[PDB]
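One structure below.
Residue numbers (the deposited numbering), protein chains in the order written: chain 2C, 1 to 171, 175 to 197; chain 2B, 1 to 171, 175 to 197; chain 2A, 1 to 171, 175 to 197; chain 2L, 1 to 171, 175 to 197; chain 2K, 1 to 171, 175 to 197; chain 3F, 3 to 112; chain 3A, 3 to 112.
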């Protein structure tokens, strides 16, 4: 299960022009001077901190989930939560014949537990040694405006914090960064065999 | 159960001209509009924070509840609480055909339990491998004036906070943000099977 | 059980001219400058915070209590506590024939547990699917002067607090806001089946 | 059991000219009357706070106790404690006819238990579906001078507080507001059936 | 048991001329300016706080103890403790014939438990409905000089406190107000049926 | 918050103008206020030919709108018996606006 | 962080130049700000022939870029009714830059 991203964000999809406004608009020094491409490097650091704590995706990037054995008999919960439209469930063998499948499975979308959940009880078996591989597109929307705005504010509360102070310096807000994230974290209570 | 929104809020329905009165910006300046691009960026970031802590809606935008298997045999409690006039339980098929169904389902309005209970003792069945999306418009009212005012104040106590401090900087009221929210949260004590 | 208000307050019933005097009269800067219609927007936010914590009504607005099944056999405690004179107990059916009833029930008024408490043991049964609906007028009096003055002071102690400080900023009084409310809260000890 | 007031206090019976001596406003100014509209607004807000914590009355205004079923077979303890000369136990009927009844009921005066015990071992019966309102004038005296002075001081310790701080701002005396009230509160230890 | 005072203090019996000396004599601003009749209104508030905590009387005012049923068979402890000379034990009937008694009882004076303690085992029985009524004069002496001076100092330590600071403001003395009172409080350990 | 304990007879002078342009002061009394008087560090100060003894005396009264009789303007002086407190300025001590700091001298000739 | 409670009518004078080089001020009103006004230690100050009564009055408003209408420049003055607060300097009180300290006088002639 490597789960590398196929493509990253373009960078032009990120709200750098809007984050300059969350940094100092309506109150402030002026527009002031901010290294523009620096401000893009703190948004990518705040999204990747909230993509990890929430297990969401937020920009709808393309993924590749290549894992060897199916965990359940049929279920296969996908980790990156807001999903849409499996690109392909191609199945490579130990030599690399890469024979895709086009039926036998129906992705059941959900923000809680996205699944693969094949038809009946038969999910495509794995060639011995030949890892299965699932390409999917997971996230809310293509642009920044399609996001839930409370989750978008948790990026701006966090990316501004990485802008305002560089090293790990000390400094309880009601809806802080942490309180806006907790309704998007994954609540799991299984430590068991299934 | 995906629960996305069909349409967002218009933005013109948000009280930006009244939120500006709240934050004590200024009365008779000739500029008066340098903050309009950001004030509604914090009102949408504070409503969406209270829409998740309360599971309420507040602007009565249209929703789409795309789910596959019914949670209980007949009930199907909806997540977004203040509802009215469920439009369509169009029953999609395994692939393609979408047939809207009158189906003999009712709607039990409540702020706590917005059920969709069926009258024929069984909701319309679900084609195996197909979803059942429900279009419904849920919220208090169309404009800002139709809200409960204490919940409207909890947006103004919260979005004023995001306007006054940008990053997560720490800084006890009788009826604060939290104490106004708590009569609108969902009080549940079931972790069971039914 | 939706329990939406039929009509809100007129706004001219609220003591905006008196609240300016509780804000700064006899001591102060002068009458000073206060956005008049802003001060009306904090009284409606402090009343709606005390209408929720006390489950009272305070202005004698008109209500509409539309619920599906009777909880007890005959009792039906009304939530909004100081009531007077059920407008109508019209009974709609699943299609909307809206056949009112005019006898069979006698509202027993009380600030503690207002009831419907039908005659004998027969309370009007519900058409299957056809929600029952009760319109009543609940509250103390039509004007602001008919209120208990200790509850009116809890509005002025609270609406001034929303005026004096905007965001959720930190700041134990003997009869504070909370101590004036507690003799109007509803004291309930039932978590049971009846 | 509703317990509303027939008439309020006249306002001229309140010691506004002595409360002004308490608060150290000023002695010989030519204005001398800019606070009269607000000083009695805090005296009525502090009496009504102590009328609820002590269940006393303090000005001997007339009450109306409209109730339906008797609390105990014969006793009927009245809520507002210092009583004298219960006027009328007029027994209304199911609808309309109001017949005042001498009825052979007595009145047992007490500051703690102001009973209305009946002498014929059963109070006058209640027409099923009708209330039994009791007019009685309960309080210490007509003017302010007939009060117990420590309870009169507890109004002046409390209404001076509302005059000096407007919103709920936090700020230990031997006989404070609370320690003067506590010999006038009702000490009860029954949560039982009788 | 109403126990209203027949007559209050005259006001000229109170040491207003001496309390001005306890306020500022020998050290101070000058005699200074104090609203004379204000200083009488704080002595009556400090005596009535110590008349309640000690259940003493301190000025020897006239009382009227009108209670319905005798508690014991013969004892009848009087509440206001330092007593002398029952004025009359007149006995009114349910109609008001007011037939006094002149023998059968011997008041046994005591600062701890003043009694009525009739002769033998027969204390005057009560006409059914006709409350018994006892007029007595309770207190130390007619003038202020006849008091125990430690109890008089507890008035001056308390009445000066109500003069020095008006609202309920925060501020452990060895013999404070509370330590001078505790040898005059009533020490009771009965919560029982007799 | 201040504990008000002194009675200060507020005094305002009517200005009868003379022929040369200079007003003549009368210092007719005004109504009495209640105040606290907090001393400062005092020392004697060289007057004209008088070795005047002065102490700062921040006096705190309650507030009013500026067009009211109860405001001490810095025109006016306080007087407790025969101890005249001049008013240097009035400055609105409290945050909510309930109390006014005044500023005094008590210049006794000494 | 400051609790803003007063309404101060900000005022900027247009400078109609006279023939000699000196501008003539008008003090036309500008839009109103919200501010807190914290007093300082006040005492009367010797003017020209006037015994002017002054108090320091650090006024705190919200901020703006320097080329905006909402910035109080030290050219301008505040005015609450008839109490003109001059502006000595503006100094950007907050660390993040949300609030500006102003500096006032309130020189009443007294």
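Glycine residues also receive a C-beta, built at the ideal position from the N, C-alpha and C atoms.
Between residue 144 (chain 2L) and residue 58 (chain 2L), the alpha-carbon positions lie close to 8 Å from each other. Under the three-state reduction of DSSP output, residue 21 (chain 2K) falls in the helix class. Straight-line measurement puts the Cα of residue 146 (chain 2A) at about 14 Å from the Cα of residue 83 (chain 2A). With a 10 Å radius around the Cβ and a threshold of 16 neighbouring Cβ atoms, residue 29 (chain 3F) comes out exposed.
The secondary-structure analysis by DSSP pairs residue 64 (chain 2K) across a beta bridge with 4 (chain 2K), 135 (chain 2K).
Taking the C-beta atoms as reference points, residue 162 (chain 2B) is found nearer than 9 Å to residue 46 (chain 2B). Proximity of residue 83 (chain 3F) to chain 2K, defined by a Cβ-Cβ separation below 9 Å, is satisfied. Taking 9 Å as the cut-off between beta carbons, the residues of the stretch 155 to 166 of chain 2K near chain 2L are 157, 158, 161, 162, 165, 166, in sequence order.
Counting the other CB atoms within 10 Å of its CB gives residue 125 (chain 2L) a total below 16, which places it among the exposed residues. With fewer than 16 other Cβ atoms inside 10 Å of its own Cβ, residue 72 (chain 2L) counts as exposed. Contacts between residue 30 (chain 2L) and chain 3F, judged by CB atoms closer than 9 Å, involve 32, 33, 71 in chain order. For the 9 Å CB-CB criterion, residue 134 (chain 2L) and residue 182 (chain 2L) do not form a contact. For residue 61 (chain 3A), the enclosing beta strand (DSSP E) begins and ends at 60 to 64. Within the same chain, and ignoring the five residues on either side of residue 118 (chain 2A) in sequence, the residues whose Cβ sits closer than 6 Å to its Cβ are 74, 104, 105. Residue contact check for residue 48 (chain 3A) against chain 2B: no CB pair falls below 9 Å.
Look at residue 86 (chain 3F) here: in three-state DSSP terms it is strand. By DSSP's assignment, residue 36 (chain 3F) forms a beta bridge with 9 (chain 3F). Taking 8 Å as the Cβ-Cβ cut-off, the stretch 97 to 108 of chain 3A approaches chain 2B at 98, 100, given in chain order.
Looking at the DSSP output, residue 53 (chain 3A) shares a beta bridge with 48 (chain 3A). Taking a C-beta cut-off of 9 Å against chain 2A, the contacting residues of the stretch 3 to 32 of chain 2B are 18, 21, 22, 23, 24, 27, listed in chain order.
Per DSSP, the continuous alpha helix (DSSP H) segment holding residue 149 (chain 2L) begins and ends at 149 to 164.
When 9 Å is used as the limit between beta carbons, residue 48 (chain 2A) is near these residues of chain 2B: 148, 149, 150, 151, 152, 153, 183, in chain order.
Per DSSP, the continuous beta strand (DSSP E) segment holding residue 84 (chain 2A) begins and ends at 83 to 88. Inclusion of residue 95 (chain 3F) and residue 5 (chain 3A) in the CB contact set at 9 Å is not warranted, their separation being larger than that value. Comparing alpha carbon positions, the residue from 85 (chain 2B), 36 (chain 2B), 2 (chain 2B) closest to residue 116 (chain 2B) is 85 (chain 2B). In the DSSP assignment, the residues bridged to residue 30 (chain 3F) are 14 (chain 3F).
With fewer than 16 other CB atoms across the displayed protein chains lying within 10 angstroms of its CB, residue 25 (chain 3A) is exposed. Within its own chain, the residues whose Cβ lies closer than 6 Å to the Cβ of residue 108 (chain 2B), once the five positions on either side in sequence are excluded, are 115, 117, listed in chain order. Two segments are said to touch when three or more pairs of C-beta atoms, one from each, lie closer than 8 Å; by this definition the stretch 91 to 105 of chain 2L does not touch the stretch 23 to 35 of chain 2K. Residue 103 (chain 3A): member of the beta strand (DSSP E) spanning 101 to 103, first to last residue. Less than 9 Å separates the beta-carbon of residue 63 (chain 2L) from that of residue 137 (chain 2L).
Residue pairing from DSSP places residue 115 (chain 2L) in a beta bridge opposite 108 (chain 2L). Listed along chain 2L are 175, 176, each with a C-beta nearer than 9 Å to that of residue 171 (chain 2K). One finds 1, 2 in chain 2B with Cβ atoms closer than 7 Å to the Cβ of residue 110 (chain 2C), taken in chain order. Of the residues 8 (chain 3A), 64 (chain 3A), 27 (chain 3A), the one whose Cα lies closest to the Cα of residue 77 (chain 3A) is 27 (chain 3A). Only residues of its own chain outside the window of five on either side were considered, and among them 72 have a CB closer than 7 Å to the CB of residue 197 (chain 2L), listed in chain order.
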